[PDB]
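All remarks here apply to the structure that follows.
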Amino acid sequence: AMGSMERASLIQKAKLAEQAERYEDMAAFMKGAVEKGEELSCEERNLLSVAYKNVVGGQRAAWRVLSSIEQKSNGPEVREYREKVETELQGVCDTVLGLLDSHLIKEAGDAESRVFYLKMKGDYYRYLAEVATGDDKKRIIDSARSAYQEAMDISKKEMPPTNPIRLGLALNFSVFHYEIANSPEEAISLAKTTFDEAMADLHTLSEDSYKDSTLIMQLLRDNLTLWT
Amino acid sequence: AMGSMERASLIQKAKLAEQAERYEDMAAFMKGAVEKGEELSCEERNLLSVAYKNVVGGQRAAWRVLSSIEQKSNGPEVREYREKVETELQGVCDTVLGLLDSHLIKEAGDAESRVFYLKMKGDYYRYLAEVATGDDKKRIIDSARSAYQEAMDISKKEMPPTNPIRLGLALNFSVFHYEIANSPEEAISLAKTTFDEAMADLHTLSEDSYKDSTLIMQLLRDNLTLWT
Amino acid sequence: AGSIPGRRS
Amino acid sequence: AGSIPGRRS
Ligand SMILES: *Cc1ccc(S(=O)(=O)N2CCN(CCOC)CC2)cc1
Ligand SMILES: *Cc1ccc(S(=O)(=O)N2CCN(CCOC)CC2)cc1
Ligand SMILES: [Ca+2]
Ligand SMILES: [Ca+2]
Ligand SMILES: [Cl-]
Ligand SMILES: [Cl-]
C-alpha cells in the first residue's frame, strides 16, 4: 500500500497522524515504514507501538461493550456484530505479529530493541488471548507467556531495574499473570519485586530519568493496591 | 455493501455500534438502512444524523489540526496529508448529500422529516464550504444557504418556536452566517430572535419538553455571549 | 461558536 | 488492573 512513499515521508506522516488523532492512518504509515526493511530507531519503535496500541485499544473497548451486551442477552445481531469486531481485532493483532516476525525481532540485536519487540509480541498475543475460547486459548496464552519470558530474561541481564522498557514489560507481564493466566499471586510477586528493585536504583538517576521511572512505578503500585 | 442484511438488523447494529463508539460502522449500517428505500422514522433519522456527525466531526477536527500545521509551515508531506484527509471528508459529505438527494428529501412530506433532512443538507454543504477554496466556495456556500433557508421557511410555518429541530436548525444556520457567510450581524439577529420567541412559548410545554427546548436555547445563548 | 453537537442518540 | 497505556508518543 505504502510502497511508493519514501520511508522518511511515512515517518513524518505518522507523526502528523498522531497529532490529528488519526491512529488507523498512523498505523498504516508505520507499517509502510517497517516494510521498507530497515531497522527502526527508538523514536520510530515508539511511533509503531503507539499507533497499534491505539487501534487495538479501540477495538478491545468495543469488543468488551459488545461481549457484555451479548452475555446479558443470554436475534443473532449482537453475536454477529461482536464476531465482526473480534475478527477485525484479530486481524490487526496478526498484522503486528507479522511485522515482528518479518523481520523486526530477528534483526534486533541490541537489548533495548529486542526487549521492546518481544514485549510487543507478548502484548499482541495477550490481546488475542482476551478473545480466544478453548484450547486455542491455551496455545495463544503460551505464545504470550513465551514472548514475555524471553523479554524478561534479556531485560534482567542487560538493563538496569529502573529502565522504563524493563518496567513496562514487568507491568504488562504482571497483568498477563493476573488477567490471562489466572496466576494472581505471580502477578503480585512480580509487581512487588519489580517495584522494590526499581526503588533501590532510583538514586542513580538524573531528574528526568527519575520522572520516567517513577511514572511507571506508580502504575505498578496502582495495580498492587487493586490486587491486595 | 449492506444489501443482504435485513433493514431491522441494520438498525439494530447501528444502535450497537453507537454503544461501542464505532461510528464508521454505525454510518455504514445506517447508509444500508436508507438504501432499503423506505422512509425513516424519527429515531432512525436521529441514528443516521448521529453516525455521520461523528464521522465527519472527527475528520473536521483532523483537517483543522493539519491545516494549522500547514499554515505554520508557510517538504510536501503536510499538504499531502491534509489533502488526503480533506478528500476523505469531502467523500463522506458527498455520501450523506447523495442519500438526502436519493431519495430522503423528496419522499419527506411531513414538516418534521423534511426540515430534519434539509437541515442535514445545509450542515453537509457547510462542512464542504469549510474546506473549499475560491469560487467553488461560492456555489457550495449558496447550496448550504438555500437548504437552510428552505428548512427555515417550513419550520416557521409548521412548527412551534420551541420545537427542538426548529431550534437546532436556527442555531446551525446562525453558525453558518457567522463562520461561513461572513454575516455576524445576521447570525446574532437570528440567534436572538430565535431565543426570544422560544422563551415566550416555554409556558406551553411539559417538564420534559421544557428540558429539551431549554437545552438548545442555552446553546444559542452561549453563542450570543461569544459574539456580543 | 458552536453548532448542535449532535453526536449522541 | 492496568497495563501500560502506551497511547501517546
Ligand atoms: C511498553 C512501554 C514501556 C515504557 C513506556 S514510556 O515510559 O511511557 N516511554 C518509553 C520510551 N519513550 C521515549 C521514546 O521517545 C519517543 C516514550 C515512552 C511506554 C511503553
Ligand atoms: C439538529 C438537531 C436539533 C435538535 C437535536 S436534540 O434536541 O438533541 N434531539 C432531537 C430529537 N431527539 C429525539 C430523537 O429520539 C432518538 C434526539 C436529539 C439534535 C440535532
Ligand atoms: Ca528511498
Ligand atoms: Ca426484508
Ligand atoms: Cl541489528
Ligand atoms: Cl412520505
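For the C-alpha cells, the naming scheme is as follows: chains receive sequential letters (A, B, ...) according to their order of presentation, residues are indexed from 1 within each chain, and ligands are indexed from 1 in presentation order.
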
How would you report the residues lying within 6 Å of ligand 1, as a ChimeraX atom specification, if you count only C-alpha atoms and all ligand atoms? /A:43,46,164-165,168-169,212 /D:4,6,9

Identify all chain A residues at most 12 Å from chain B by counting only C-alpha atoms; ligands do not count. Present them as JSON, numbers by chain. {"A": [5, 6, 7, 8, 9, 10, 11, 12, 13, 14, 15, 16, 17, 18, 19, 20, 21, 22, 23, 25, 26, 29, 55, 58, 59, 60, 61, 62, 63, 64, 65, 66, 67, 68, 69, 70, 75, 76, 77, 78, 79, 80, 81, 82, 84, 85]}

What does the list of residues within 8 Å of ligand 6 look like if you count only C-alpha atoms and all ligand atoms, written as a ChimeraX atom specification? /B:39,106-110

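Residues with any atom within 9 Å of residue A:93, counting only C-alpha atoms and excluding same-chain neighbours fewer than 2 positions away, are residues 52, 56, 88, 89, 90, 91, 95, 96, 97, 98, 124, 125, 127 and 128 of chain A.
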
What are the closest atom pairs, with distances in Å to one decimal, for all residues of chain C lying within 10 Å of stretch 215-220 of chain B? Consider only C-alpha atoms, order rows by chain and residue number, and present the result as a tab-separated table.
residue	atom	partner	partner_atom	distance
C:1	CA	B:219	CA	9.4
C:2	CA	B:219	CA	7.3
C:3	CA	B:219	CA	8.0
C:4	CA	B:219	CA	7.7
C:5	CA	B:219	CA	9.7

Rounded to one decimal, what separation in Å do you get between atom CA of residue A:214 and atom CA of residue A:228?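 About the pair atom CA of residue A:214 and atom CA of residue A:228: they are 20.4 Å apart.
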
As a PyMOL selection string, could you give me every residue of chain A near chain D (at most 6 Å apart, counting only C-alpha atoms)? chain A and resi 50+54+172+223

Let me see the file: selected residues, N, CA and C atoms, as a compact mmCIF listing (two decimals), in the first residue's frame.
# COMPACT_ATOMS: atom_id res chain seq x y z
N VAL A 50 2.74 3.06 19.56
CA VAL A 50 1.62 3.95 19.89
C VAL A 50 0.49 3.79 18.89
N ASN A 54 -3.25 2.22 20.06
CA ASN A 54 -4.48 2.98 19.91
C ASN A 54 -5.49 2.25 19.05
N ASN A 172 3.28 -5.17 32.28
CA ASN A 172 2.36 -5.87 31.38
C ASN A 172 2.39 -7.37 31.59
N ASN A 223 -1.64 -1.13 40.53
CA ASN A 223 -2.13 -2.48 40.40
C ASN A 223 -2.04 -3.22 41.72

Step one, run DSSP on the backbone; step two, keep only residues of stretch 16-216 of chain B assigned to helix (DSSP H, G or I); then write them as a ChimeraX atom specification. /B:16-19,23-34,42-73,77-104,111-131,135-158,164-180,184-199,202-204,207-216

Between atom CA of residue B:198 and atom CA of residue B:116, what is the distance, to one decimal in Å? 18.4 Å

Grab the atom CA of residue A:73 to atom CA of residue B:27 distance for me, in Å with one decimal place.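 Atom-to-atom, atom CA of residue A:73 and atom CA of residue B:27 are spaced 24.2 Å apart.
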